[PDB]
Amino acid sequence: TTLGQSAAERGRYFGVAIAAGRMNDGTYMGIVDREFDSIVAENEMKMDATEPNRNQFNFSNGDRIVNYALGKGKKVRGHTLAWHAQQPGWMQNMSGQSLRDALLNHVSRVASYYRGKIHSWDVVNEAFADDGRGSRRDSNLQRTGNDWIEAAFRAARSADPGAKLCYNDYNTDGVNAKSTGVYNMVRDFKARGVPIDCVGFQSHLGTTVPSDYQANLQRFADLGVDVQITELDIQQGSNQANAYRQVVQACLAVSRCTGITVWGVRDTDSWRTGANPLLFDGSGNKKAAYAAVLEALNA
């Protein structure tokens, strides 16, 4: 088997983040053809990639990833319709109502273009502080109004109602002040019928999985949302393979945990240079962490 085969047999997907740049690399494209049944774009679908100038869109590189995914029978995750980081320059300098207008225009148009091709959308990415109080990150977006996360989900449901609408964030893997700030927002969203289907957990780990990784996953699924591990990577070390095997078993244990996406093919492809935090090495070979993931999917 492969990761994707044996994660399907558990009712789940195993995805990978790819970059257009590498799609000519023969051994890279091979591993992706075979091991994963879900695909994210690493950069080609962010705000600056898709709307370089106000109200004017280029989906050229994002499409090369999406259409490769559909052509080979794989699911597609959309990353990401709204995010303080990596805003096209014209957007960084707007504020207020017109920023709010520009933001919703971005979400409905991007989600419209990809309607029917997107298994799930990171609608809003990283909206909570890392300050031990679970408060909102101060952003030009957040300064338009505390309800901008709601408005963004509303615009995305309109544009593509078949897509699963996710909130995605990092430093949210255990039970901390940040996951509980996310939790309270989502709870209120589900209370009020705000259209949010899944919560994403980036899980950019150090060397070790939190004791309550699954307890935190589970408290969210109990809200009646799906949970997804969206951008997984684990710092290398002797506990690396143990840490991957634990993340997979925490997802199999939770019934609403639909799948896991690691954030790159090979160690050399990682935004986290030097960490070697992935399932393959630069020579393209399976690491120990690959065998841990494949067993955990099978045991």
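Note that residue numbering follows the sequence shown and begins at 1.
Between 85 to 93 and 155 to 163, the higher mean Cα B-factor belongs to 85 to 93. When the modelled residues of the chain are ordered by their C-alpha B factor, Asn105 lands in the lowest third. Looking at the C-alpha B-factors along this chain, the one for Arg136 belongs to the highest third. Per the PDB record, residue ranking by Cα B-factor puts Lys72 in the middle third of the chain. In the deposited entry, the Cα temperature factor of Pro277 sits in the middle third of values across the chain's modelled residues.
Remark: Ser211 belongs to the highest third of its chain, ranked by C-alpha B-factor as recorded.
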